[PDB]
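Beneath this line is the structure, given in structure tokens, with notes to follow.
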Amino acid sequence: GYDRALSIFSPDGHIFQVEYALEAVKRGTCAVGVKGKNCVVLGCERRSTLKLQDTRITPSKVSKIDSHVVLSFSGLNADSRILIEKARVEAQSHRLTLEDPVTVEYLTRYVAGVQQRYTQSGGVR
Amino acid sequence: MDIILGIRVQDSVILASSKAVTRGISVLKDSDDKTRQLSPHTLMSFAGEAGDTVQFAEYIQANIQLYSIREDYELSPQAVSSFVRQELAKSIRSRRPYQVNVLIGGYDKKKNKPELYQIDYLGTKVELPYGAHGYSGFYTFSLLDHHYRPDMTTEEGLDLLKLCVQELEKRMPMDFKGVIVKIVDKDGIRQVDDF
Amino acid sequence: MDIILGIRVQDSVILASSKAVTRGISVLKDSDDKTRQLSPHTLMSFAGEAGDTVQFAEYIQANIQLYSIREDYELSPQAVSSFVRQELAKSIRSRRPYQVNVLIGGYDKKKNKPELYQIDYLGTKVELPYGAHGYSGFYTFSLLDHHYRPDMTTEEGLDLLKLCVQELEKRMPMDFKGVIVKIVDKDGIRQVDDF
Amino acid sequence: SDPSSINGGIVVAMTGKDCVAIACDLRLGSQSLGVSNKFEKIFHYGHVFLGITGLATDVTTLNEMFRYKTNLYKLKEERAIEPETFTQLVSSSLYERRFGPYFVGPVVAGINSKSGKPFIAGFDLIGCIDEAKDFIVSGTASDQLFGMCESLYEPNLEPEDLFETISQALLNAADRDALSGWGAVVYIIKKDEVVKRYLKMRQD
Amino acid sequence: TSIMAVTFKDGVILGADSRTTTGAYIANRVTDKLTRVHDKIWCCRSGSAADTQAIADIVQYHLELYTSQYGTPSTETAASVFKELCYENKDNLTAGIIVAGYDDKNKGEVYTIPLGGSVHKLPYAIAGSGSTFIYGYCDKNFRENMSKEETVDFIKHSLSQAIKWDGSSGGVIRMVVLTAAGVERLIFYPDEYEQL
Amino acid sequence: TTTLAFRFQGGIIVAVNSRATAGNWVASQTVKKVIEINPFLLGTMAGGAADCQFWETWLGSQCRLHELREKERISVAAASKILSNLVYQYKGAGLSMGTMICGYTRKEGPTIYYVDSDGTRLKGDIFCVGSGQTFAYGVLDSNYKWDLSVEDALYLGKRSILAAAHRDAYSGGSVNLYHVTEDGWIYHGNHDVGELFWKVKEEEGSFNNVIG
Amino acid sequence: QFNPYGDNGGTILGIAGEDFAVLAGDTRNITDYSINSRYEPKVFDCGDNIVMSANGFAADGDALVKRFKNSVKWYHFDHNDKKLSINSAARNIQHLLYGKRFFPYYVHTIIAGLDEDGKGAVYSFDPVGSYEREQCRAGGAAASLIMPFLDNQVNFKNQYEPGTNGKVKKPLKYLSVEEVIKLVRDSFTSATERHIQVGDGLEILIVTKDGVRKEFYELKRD
Amino acid sequence: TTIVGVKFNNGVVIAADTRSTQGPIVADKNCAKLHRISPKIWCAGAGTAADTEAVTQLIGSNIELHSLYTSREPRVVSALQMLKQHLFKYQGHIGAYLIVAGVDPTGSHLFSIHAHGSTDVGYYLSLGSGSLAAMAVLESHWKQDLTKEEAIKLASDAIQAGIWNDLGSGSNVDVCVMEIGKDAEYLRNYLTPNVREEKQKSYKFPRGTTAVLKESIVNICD
Amino acid sequence: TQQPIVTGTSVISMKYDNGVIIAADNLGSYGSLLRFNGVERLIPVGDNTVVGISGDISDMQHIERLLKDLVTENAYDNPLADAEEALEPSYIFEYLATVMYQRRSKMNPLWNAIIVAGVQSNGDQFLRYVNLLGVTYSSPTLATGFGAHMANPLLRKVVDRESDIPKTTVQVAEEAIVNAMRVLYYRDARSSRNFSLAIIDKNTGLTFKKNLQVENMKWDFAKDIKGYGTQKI
């Protein structure tokens, strides 16, 4: 297997690969989250250099993880699908073993844990 | 686990499943629901080996629910039944097979038709107007052959179902403690509380 | 054949015997009387292997009736029970033993006392205040240990018996189709028609 | 399906000073199910006492059989049978069924009316006589009884002391056996008086 | 066991080892497997010790009763009585018997009776578990009309090898010589026959 | 064994005996067949002693890890399901367990789950498990009402075990009582059947089959 | 077919006092009707004032003891020479036994020592790891002979106060080390008489706060 | 069991241990395995206890009737023949393994009989579970032309080998000497090398320890 | 799961005042067939240990090789291989006992019964048994197979307990061993007359005796034995 340590420390104490991943997020379309008294609203930018788009079938920016939780994102679109898939599987796995849907904190903690695992695993960025 | 029945009528599918859970010489429970909702318009009843039944049903349920979230779309009863059959078909040649027999009652929203599938633990799928698993069939099939009509209403189907339960209660050796009846139609799944 | 119970109270012996006759997955009959009158004040209920039960009961009945004619005299319940036990004790070491368990309820006219004997197919006799054969005992004995009193009336005994049947109907796996209850006292043998 | 351990029960017999004691539990069951707590396993034919453990139908059958034989013995001999003689009768009768035996563990106990000697004996199911000075044990808790008797017993005990020893041997053996207990009876036998005592024991 | 019987010029000689086993335990190391059923009719016993004894005892009874009525029986007649018992009770017996006797008319005769209850008249016979190892040797070395001394050496050397290879055989080598002269018993100990 | 646990107006009663057998040999009369998992959770043990004892202490470790990770006490449903999913992995291997996971939580209320070694998991109000379960059911069912007081409920649970301890040969020793409330579980003592039987016989006037 | 198990006979006995505990066991090792050794110890000092015996199939017993002894050694390495308490040892042994749940050690295990309050402790195990603390326990071939005697003499079962109409029980009390050794010796001499696998010698290990002492006694050799 | 038989100058001696087992349990610590068939024909028995006693009593009865009928003292070969034919008839189901010995007008004799009906002749024999231990001694120390006192010593030594080394054998040594021209002497408990040591404690209970429910006088008289 | 094919019978041994003696016949049986007659079942390890092995001979030859390799391995990077860090009987035994138990735990045993006899560096006698099940025990006398039933009783008459060991000389001990071998030849159907004997003494060291024979046997009384009961001729 490909083992290379891609995410590593630099002399100044930075992990450039993680910081360059943030630059990819900074490039991505803007996404905003605002929570009210009895609701949360997820706003998302869609760049208008793309005309002739088919908005019916184009992947939506906001994704349902379960019937009660949603996930929006900024950065690499292809990468987001992998996190969303893992989150959706974990959501059903939680209902199966705990007989209760995930809390938003738990789901976030899981997704965050996946992202972290890719910052100190060999062969991955 | 013993008695599970299914009757497809004009506009709905009706599933009746016994309430008794027996272990040894003791009826441990008399209010057991031997069914899981796979999707808003698809219901699966089950019967067979202890432990395997619920483990299998919930495993299927989780997979169908995962699909629904991923595609934001409900799978057709036919698609669900094929998925379930394949899982049982894999299972039968495993190290330890699922010894579970199922009925899948669903309402196809695209076709606007009720659909009843009978699948045994070997992965033997058949679409039927009425179905049963276990010894129940040996009484109900002949009874339904006689009294069943394809254009029946949901209410007529319930009366037809009452006739089956009465016959089973008369001639079956074991006390199965009545049945939970559920109806699957265009408006989804609901339970008949007084049967 | 499955459930036979017996309760000796102050002035009578009450025998309750299930009505179901099951063969395979079919209840062939739901009104079977699993008892024979051996003499005017002696009643024997029975349960066990098919064919053997009735064949044995009637063989005993004929022998006791023969005795009654010969001596113009009714044998005591104790004497009858000893005779029955010996027949079963011979049987168990025969080429093909009678697989029959019996309860003998009788009223001794000389002593003016009710008497209940429990005899299994091995020829194991015991006089008891209350008795049962088969799986019935596993529920009723503990129940009777609690609720039974030796000075009870026949009516109290019937209520105590109703409590046993209810418990069996709740926790027994098989449907035994209720019981025929018979009372043995100083005035002989009579059947309770509404139970 | 082991005939000797279906119904359950125990019998123990001890000798003392010019006395003998024989004791038994009262349980009769059908494997796990306890059925009767009044099933005595000790019988007597004149002054000779017989305790029988094992399959309950055979216990009852042998009692009736030895009553039969001792009643005829007495009519012909014009005297009561003695323990030594009865012991040989039990052995003969059991070995007569050598290849289809009664599933029992009988125990003879009594005092010879002529010599005044205390006598006990045990048998296996096919009639082998086990004579003993000290004690005889039988039943589903025979291992337990052997251990209790071998440690508690001492020779030449008086009737009142012998009573305590045999009772404690039976009770504590019975409490370590699932198929024995549910009451107990002890017979203390002197040359011309016999006392029978029911013991208080745990009913589980 | 290892047993044999050999006809020769003057009559017949029976031979046998002396080992009786219960599994790998030697219950008797000085057994006498050569047994008399009549004055000059003997047999070699192999198989079950209980069965062969019971048979030989019955045969001895039959030939004693035969002699009381009809005079001395033939060796063939003795072999027939053995066969009759071994054949009719073949389902309940484990007996491999060699019958050997001396008539004045017929001289030395040997009959072997295997498990099935068949009868086989032969110049010489070998039987028992240890016989398997000496079929080759005995076939190569046997000659008809041997002398007494030659026949004794033949049996001695043969059973020596049988004993050497077979764990179920051993002890001493017993022999019985049947001639017109009479009946002679011979014995040979390990120290002699082992180093042959 | 005999073990039971039932739900009622005032919470949950849990009662078990303390006998251990190796065939007909009475090995122990002082076995703890209730495992204290946490202040709001109990587990009954029937069948294989080691299997029950080992896996139910393991269950408590898993329930502890849950509340560390989630900062919240585990539900009775989730706790029972950890055990049921565990034994299901070993299905066919020969585990012998008949357990009952009893407890209280805010969202669930008083809850009992029956869990056995062949994978069965049932929620219910009344359960009796063990070789003397039928004897316990007989007394318990015939005297059970939802509106039982805490005092009467404790006695019924105790009396039901006594009934089984008496009739069933492989049941006996002593009765261990527990009461589970909204505040957690409360131990209500160890009661020897040796003394309890006679006490109950005399006071209640029951057990007339026995020579008094 | 190869049978991996065997029965080496013998019997063991553990009694707990107030400030001490004993673990006794006969020294006879057998197979079938043969005697292998008249003196083969099966009660061991495992360190940290814990004595242990695994009676039944000797090969499994030796392996288990060997593993527990090794567990004690590593407990010191990993936890700064902390003393392994008797309750901690018991739980550790459960995991050793249950680790082979599907190919068990055919042994009845008993350990003895002092608890953390200084009081005598005896723990007994089944072959697959179920354990319980007790005042008294016999294990092995003659356990059925010895155990009911211990119930009567150690725990005073079935003994009532004279003259109290069997209403007042004989009160429980701790026994002295002298009285306990008497019960041990009488238990083993009785067992030797009536059990063929028991005899030759008796080795008792006594555990107090001062350490682990040994005592040996001859038994009948027939 | 261990039983032996040894021939000597003017007769024959047999011996036996006194243990009776019921599995691993010693049922009788002092049972008599030496049986009298006739006054001067005695029998040592091993195997199924009831079978050895029943078969020795039956043949002994028929030997007595035969002796009366023929007006002659019975012969050992008659007992031997009657026993083996009886045992053979039952095809080993009567598990009696006997050493038959005695003196008669023909001389002194020593035989063994096995359950299936086979008989053996010898100067020294041993049967039972301890026969190998005994035979090892007999093979080591036996010689031709033994005296009465030498044979008794050899026989009892052979039984002792079984007592000590075989778990199936134990307790005491019984001997019976049958010499020509003399009455047979049955030496019950010739050796008693397994005496129970004094117990450490008396377990005599205080009177009233046992709880009693009822008392009643039993009527044994007419 | 195995079944033994070519087998070796009893191995007998005992302790005496200065050391240990061990013996075993030179036979390799093939069921009832006494197939191989030149089989050495006593294997010396160094000058202070002898391993006697009974049971399956193919597994015995495997063990020989292991012991042979053990000596080679111990000599590696070991300047004191012929002195302080030489192989002890207790080291050799524990190794074998570990192997035997590991093999039985894998349900593929070495179908043997082994007795390791030797003298330790401090002069102490070593004598311990181990078999296919991994069962180990020690005693003043040890024997396998029929030797356990017939030899042990004879050897225990000489050394009945620990205190009898100092009282037993090498002459007396060897005499008992040689006598026991004769008894086994009389009574064990899978035994041979030829055998090997080894003495490990703390003073005189290892003395390995080959090509011994059972002698001074009693067979003469056989001539007097006629028939099986009644027969007089």
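We call the chains A, B, C, D, E, F, G, H and I, going by the order they appear; numbering starts again at 1 in every chain.
FYI, a contact is a pair of C-beta atoms (placed from the backbone, for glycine too) under 8 Å apart; a residue touches a chain by one contact, two chains touch by 3 or more.
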Using the touch definition up top, find the fewest steps from chain B to chain F. 1
Comparison of D-G and A-B (more C-beta pairs in contact): D-G
Closest to the centroid of all CA atoms, by its own CA mean, is chain G
I'd like the Å distance between the centres of chain B and chain D, where a centre is the mean of that chain's Cα atoms. 63
Euclidean distance of C-alpha centroids - chain A vs chain C, Å: 76
Taking each chain's mean CA coordinate, chain B and chain C are separated, in whole Å, by 43
Give the residues of chain D touching no fewer than two other chains, as numbers and ranges. 33, 38, 143, 146, 151-152, 168, 171, 175-176, 198, 200-201
Residues of chain G touching at least two other chains: 34-35, 144, 158-159, 166, 186, 193-194
Residues of chain H engaged with two or more neighbouring chains: 25, 84, 118-122, 132, 164-165, 199, 203, 205-207, 209-214
Quick check on the complex: what are the chain I residues that touch chain G? 1-2, 101, 104-105, 107, 109, 129, 133-139, 148-149, 152, 161-162
Looking at the complex, which residues from chain G come into contact with chain I? 1-2, 4-6, 8, 29, 31, 34-40, 57-59, 62-63, 103
Help me check something: in the complex, which residues belonging to chain D touch chain H? 44, 46-47, 95, 98-99, 122, 124, 126-132, 142-143, 146, 151-152, 154, 157, 160-161, 163-165, 167-168, 171, 187, 193-201
Residue ranges of chain D touching chain F (in the complex, touch as defined): 5, 8, 26, 29, 31-34, 37-38, 140, 175-179, 182-183, 198, 200, 202-204
Please name which positions on chain C make contact with chain F in the complex. 128-130, 138-143, 145-150, 163, 166-167, 170-171
